[PDB]
Structures are given as C-alpha cells and as structure tokens.
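Below: one structure, written as structure tokens.
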Amino acid sequence: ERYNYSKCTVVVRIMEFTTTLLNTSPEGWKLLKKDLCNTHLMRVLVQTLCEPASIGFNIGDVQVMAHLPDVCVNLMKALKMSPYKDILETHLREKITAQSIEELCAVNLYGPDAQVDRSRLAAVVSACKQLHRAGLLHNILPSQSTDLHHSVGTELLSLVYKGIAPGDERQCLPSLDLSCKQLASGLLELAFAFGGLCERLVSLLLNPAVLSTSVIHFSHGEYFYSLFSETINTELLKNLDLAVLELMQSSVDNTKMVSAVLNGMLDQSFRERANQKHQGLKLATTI
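In the entry's author numbering, the protein residues as written are 1328 to 1540, 1549 to 1622.
Okay, here's the thing in structure tokens:
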C-alpha cells in the first residue's frame, strides 16, 4: 500500500516530464545524448502500457489507474516525431505486440480455463488501441500484401466471425456473457481503426450462410449484424458514399439484410444526432 502507492506516483511523474517539460522544444537531443543509456524508461513505459498491473495499476484504483494511459499516449505522440523514434520501435513491435501471435491468440476464447485463458489478448488490444490514440500503430504493425492490413482482415474472420458461432460442429451455439460480447466488440472496434476493410465487411454482413442449432435456422451474416450492431453501424456511418454504394448497387437477394442495416444506420445516426448535426442529412441524401 504505502511503498506501491508512493512508487506509483513517482514512475508516472518521471514519465510525465519526458513529454511535458522536455520534448516540446525546438531541440532536446542535448539531453537525449546524456540519457542515451535509456532503455529503462522505455521498458517501464511498455510494461506500464501492456501489463499495467506490473507497476502501480496493481492497486486496482479507478481514478488514478484509468488516467495513467493518457500519459503513455501523449508520450508516444511526443516521440512519434522525435528523431529518437526507432528506440521505441525496437521494443513495442518486438516484444508486447509481435505479428503472428495475435492469430495464435484465437485458440482459446470464453473457455473453461477462466483464471488464465484469454486476458493475454485483452492486454494486447488495450495497449494497441492506446497506440492508435498515439498514431504509431500503422508502423507498430508492418504492411501486408493488399491495401487491408492482412493481420487485421484475418483477425476479423479468425478471432470472431469463425469463433462466434460453432456451425461446423453443431454443438449448441452459445448465449453470450457480456464479457465475451464486449471483448468481441473491442476486437471488432480495433479492426475498424485500420483502412481498406469496408469492401470485405459487406460480404460478412450479406453472407447467405444460415446457422443450424434449439433446432430452427437463421442467417449467420444477419446474426453477426444483429449481435455486433453498434461496431458495424458507426463504421458504415463514417464512410457514407462508398458504404451506401455497396448497400444499394452491389447488394443482391438483399431484402432480409439491407432492410435491417438501412434502418439500423438511420436509428444509430438519429441516436448520435445530438452531436451529429450533419451526418443524418448526408446519409439521407446518399440513399
């Protein structure tokens, strides 16, 4: 309690200066020479980011331990355009967030082994979403064979669209704990932090495949839509022209699906219209 709370405030206060007094200057390398010894901030920073319970967030206390990320975020944005950039990139992308391990994290979701099962990717997504706040994410993942980041296009299908519904084995399909609902929704949310995903997403919304079950059948593409509705709708509502184009010209046998998402789009825009003064009139014009 005493030593942990005292060190919690100190390590956060060192991290704070490296942004707030230091890097927001016409030059700082007359100091970044003198501390070229520094892996020690960078390992503490990355462990703070990806497993905060390793230092200070062990205390579980919501006001302090939910603000701690914003220090890490703005320090990454400060070093994004420091000439020091490479030395964070030789840690983050190398240790806490290697490429293929995110596909290996698909082997156990919502399992019996609840003490240890799957918190390891909850760590990963909390870190890499905070890296999107900082903008480093598009380099902390390397680019792949097509305009969509293949690791993102593939986690969409492999960590959730395959894993959500046991239609291959037909052992009964699960009603979802808010834990696996919200977690899947966060993996989806992360996927739409990236570019190029729109033209694939339609084929998973308008999927003609029907689930089999207590014995009755219903659409897999519509099930995914009607379950994950919010995380889909905003990511059709940010990008109205090309989204409505695929929803009206590319859509086929569409009635049992386009009906739902065209209503959904209007409902969720109307829900946000309190801030979104413009976006409903854009949507209306485009349909």
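No residue lacks a Cβ here, since even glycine has one placed at the ideal position from N, Cα and C.
With a cut-off of 8 Å on the beta carbons, I'd call residue i and residue j a contact; round off their distance for me.
i     : j     : result
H1476 : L1463 : 14 Å between Cβ atoms; not a contact.
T1424 : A1461 : Between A1461 and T1424 the Cβ distance is about 13 Å, and since that is not below 8 Å, they are no contact.
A1511 : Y1558 : Not really, about 13 Å apart at Cβ, beyond 8 Å.
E1570 : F1519 : 4 Å
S1554 : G1494 : So it is not a contact: roughly 11 Å between Cβ atoms.
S1478 : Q1426 : 6 Å
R1527 : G1480 : 6 Å
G1599 : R1608 : Between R1608 and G1599 the Cβ distance is about 15 Å, and since that is not below 8 Å, they are no contact.
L1517 : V1452 : 5 Å
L1580 : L1618 : Not quite, the Cβ-Cβ distance comes to about 13 Å (not below 8 Å), so this is no contact.
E1482 : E1430 : 7 Å
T1473 : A1405 : Actually they are not in contact, since the Cβ atoms of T1473 and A1405 sit about 33 Å apart, beyond 8 Å.
Quick check on the DSSP output: the alpha helix (DSSP H) that includes residue i runs from which residue to which?
i     : result
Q1614 : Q1614 to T1621
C1399 : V1389 to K1407
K1591 : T1590 to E1607
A1492 : No alpha helix (DSSP H) contains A1492, which DSSP labels as neither H nor E.
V1587 : Note, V1587: premise wrong, no alpha helix (DSSP H); not H, not E.
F1519 : Element bounds for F1519: n/a, residue is neither H nor E.
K1360 : Premise fails: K1360 is in no alpha helix (DSSP H) and is neither H nor E.
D1413 : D1413 to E1416
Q1374 : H1367 to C1377
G1556 : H1555 to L1562
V1529 : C1525 to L1532
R1420 : Run containing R1420: none; DSSP gives neither H nor E here.
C1335 : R1329 to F1344
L1475 : Careful: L1475 lies outside any alpha helix (DSSP H) and carries neither H nor E.
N1466 : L1464 to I1467
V1550 : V1550 -> no alpha helix (DSSP H), and no H or E assigned at all.
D1576 : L1575 to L1580
Whole angstroms is fine: what's the gap from residue i's alpha carbon to residue j's?
i            : j     : result
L1395        : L1515 : 24 Å
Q1471        : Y1560 : 27 Å
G1383        : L1572 : 39 Å
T1366        : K1407 : 17 Å
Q1603        : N1568 : 7 Å
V1371        : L1597 : 47 Å
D1444        : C1432 : 10 Å
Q1509        : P1353 : 43 Å
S1549        : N1385 : 44 Å
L1359        : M1369 : 13 Å
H1459        : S1502 : 31 Å
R1340        : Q1390 : 16 Å
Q1611        : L1348 : 37 Å
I1622        : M1583 : 8 Å
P1410        : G1522 : 27 Å
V1337        : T1620 : 54 Å
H1465        : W1356 : 26 Å
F1605        : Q1498 : 39 Å
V1537        : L1524 : 23 Å
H1613        : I1414 : 43 Å
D1362        : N1350 : 13 Å
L1601        : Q1374 : 42 Å
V1593        : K1422 : 43 Å
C1507        : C1364 : 43 Å
residue 1542 : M1392 : Not modelled: residue 1542, which lies between 1540 and 1549, the two residues flanking a gap in the chain.
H1418        : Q1457 : 16 Å
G1387        : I1551 : 45 Å
>> Using 8 Å as the cut-off, can you tell me whether the stretch 1427 to 1439 makes contact with the stretch 1377 to 1387, which would need three or more C-beta pairs spanning the two stretches below that distance?
In response: no
> Can at least three beta-carbon pairs, one atom from the stretch 1440 to 1454 and one from the stretch 1400 to 1411, be found at a separation below 8 Å?
Replying inline: no
> In the stretch 1425 to 1449, which residue ranges form an unbroken alpha helix (DSSP H) of at least 4 residues, counting only runs that do not cross its ends?
Replying inline: 1428 to 1431
> Are the stretch 1585 to 1601 and the stretch 1524 to 1535 touching by the rule of at least three beta carbon pairs closer than 8 Å?
Replying inline: yes
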